[PDB]
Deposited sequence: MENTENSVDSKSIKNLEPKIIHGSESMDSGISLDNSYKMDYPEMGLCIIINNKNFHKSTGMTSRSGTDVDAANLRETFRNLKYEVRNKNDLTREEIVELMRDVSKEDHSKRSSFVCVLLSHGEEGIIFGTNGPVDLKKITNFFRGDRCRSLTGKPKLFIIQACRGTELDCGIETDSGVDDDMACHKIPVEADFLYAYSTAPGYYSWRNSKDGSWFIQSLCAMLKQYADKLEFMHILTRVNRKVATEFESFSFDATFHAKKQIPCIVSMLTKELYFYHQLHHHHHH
């Protein structure tokens, strides 16, 4: 068991929270291009045989209710769980249409002790959002214990679009740099490569192929690196190999 069992009857859910339009009172700008990401993700995970549910323009309360309700489903026949968050953000925070939600509140519903039918199974959170206001200017190139337990934080993978503290960038026509790159690398490589190696290729693609273009010099010629955060305990492949 160097690899997660992915031959349950269902690969699992892929919940996509697509927040485009924000309450006027928040000051947050419409996230042009996010529907392109939401559609790309839906097709990409369809082809990986996930049950995709797209949700659009959820309040902070609706995000928490959705995540609570999804965590209370019986996932026993599912191999894994995927949640994609597309919104404005700050470090540790994703925005509902009407204000901030701590990411930890969301992911806690899926802890090994709180969502028992996902215990031992990979729980993936893919987060396209800023993590702060830093800009990357780039650079030119004895005891066995008896009862076995696992940590309640084990088997999570957080695929952040950007490094801690930094901006994350989006193109109004093409979608976010990270989600564009993630879908392209899953389409190209999910039938062979292990997920960390797919995400490493996503890192390279975002790092090398994108550079911002802005009439505002403050935001021009900027760069981005995504940030893979893994508490996984096994290799993750999006396929299984039949025995006959």
Exercise for the section: Where the model has no C-alpha, note the corresponding stretch of the deposited sequence, numbering from 1. Expected result: 1-33, 175-178, 282-285
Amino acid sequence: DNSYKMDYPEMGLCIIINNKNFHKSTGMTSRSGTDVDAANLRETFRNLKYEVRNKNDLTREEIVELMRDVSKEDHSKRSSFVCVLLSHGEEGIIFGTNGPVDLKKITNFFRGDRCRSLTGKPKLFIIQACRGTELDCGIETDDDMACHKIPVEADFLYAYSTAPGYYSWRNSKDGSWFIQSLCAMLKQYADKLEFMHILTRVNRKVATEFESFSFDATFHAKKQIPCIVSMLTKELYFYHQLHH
From here on, numbers count along this sequence of modelled residues.
Handout entry: Which of 102-110 and 154-162 has higher mean CA B factor, as the PDB entry lists it
Key = 102-110
Completion exercise
Of 66-74 vs 175-183, the stretch with the larger average CA B-factor in the entry is 66-74
Practice task
Identify, among 25, 18, 230, 224, the residue whose C-alpha carries the highest B-factor in the deposited PDB entry.
Solution key: 25
Completion exercise
Comparing C-alpha B-factors across 130, 146, 86, 83 in this entry, the winner is 146
Problem - Third of the chain's Cα B-factor distribution that residue 168 belongs to, per the entry - result: lowest
Practice task
Using the B-factor values recorded in the entry, state whether the Cα atom of residue 53 falls in the lowest, middle or highest third among the modelled residues of its chain.
Solution key: middle
Completion exercise
Quick tally, chain-level thirds of C-alpha B-factors: residue 216 sits in the highest
Handout entry: Chain-wide C-alpha B factor ranking for residue 30, given as lowest, middle or highest third
Key = highest
Completion exercise
For residue 94, the third of its chain by CA B-factor is the middle
